[PDB]
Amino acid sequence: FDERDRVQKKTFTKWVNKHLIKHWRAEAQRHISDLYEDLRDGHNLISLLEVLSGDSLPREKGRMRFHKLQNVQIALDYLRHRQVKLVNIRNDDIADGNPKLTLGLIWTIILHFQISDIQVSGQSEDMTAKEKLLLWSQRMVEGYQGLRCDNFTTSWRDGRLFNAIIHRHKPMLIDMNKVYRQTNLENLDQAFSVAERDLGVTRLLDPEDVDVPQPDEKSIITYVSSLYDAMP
């Protein structure tokens, strides 16, 4: 048991749910309760992809295993036709609720549709999307006294970076002096509540899951990438 897999699942669940409610068809606006059950018939996975891309996709409405395997295949074929690299995931794995491969698939979707469009001044061309986001993060908190961004895990635990990023962007929203004397939990909660109320950024993370010696990397990157998106 690694608690980061729990956090990751929660974060991806909130991410998927944020998208499904934006669907234009009212019957597609569903809510994931358990990420390892509610994608098994492929319907929410096809809906997710319709919202992220703006395309319509075909789907089967029958209820046998054959229909679920096919809905999943439609989704994975869609992704393949957009040159996403899906390796070692087959339709049965998703239809059957395999935890690790379901998490792998959603990460693949987040990476392809949200993270891999990032553009930062000072970009090398051999830089990875992750590297570009870390560079963006480092540039955003450059003026600020105690602060370093070394990674997407431990650097973020104390909530100061999240606050500093939002401050840089709109100094009105954040009292930095106060950040320097508040606890981790207070700083995290303050940054997440401001980002949601004032920037439109869905709360993907709970402070209790970030204030931990080894936070889940993909969850942090997903949230940080969602802040980047909220800044013109």
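Note that residue numbering begins at 1 and tracks the sequence as displayed.
- Mean CA temperature factor is higher for 54 to 62 when stretches 182 to 190 and 54 to 62 are set side by side in the entry.
- The stretch 63 to 71 shows the higher mean C-alpha B-factor when 63 to 71 is compared against 38 to 46 in the entry.
- You'll see in the entry that, of 145, 137, 108, 153, the Cα B factor peaks at 145.
- Across 133, 127, 103, 161, the entry's maximum B-factor at the CA atom is seen for 127.
- In this PDB entry, the Cα temperature factor of residue 92 sits in the middle third of its chain's modelled residues.
- When the modelled residues of the chain are ordered by C-alpha B-factor, residue 176 sits in the highest third.
- Remark: residue 230 belongs to the highest third of its chain, ranked by C-alpha B-factor as recorded.
- In this PDB entry, the Cα temperature factor of residue 204 sits in the bottom third of its chain's modelled residues, the lowest group.
- In the deposited entry, the Cα temperature factor of residue 26 places it in the highest third of its chain's modelled residues.
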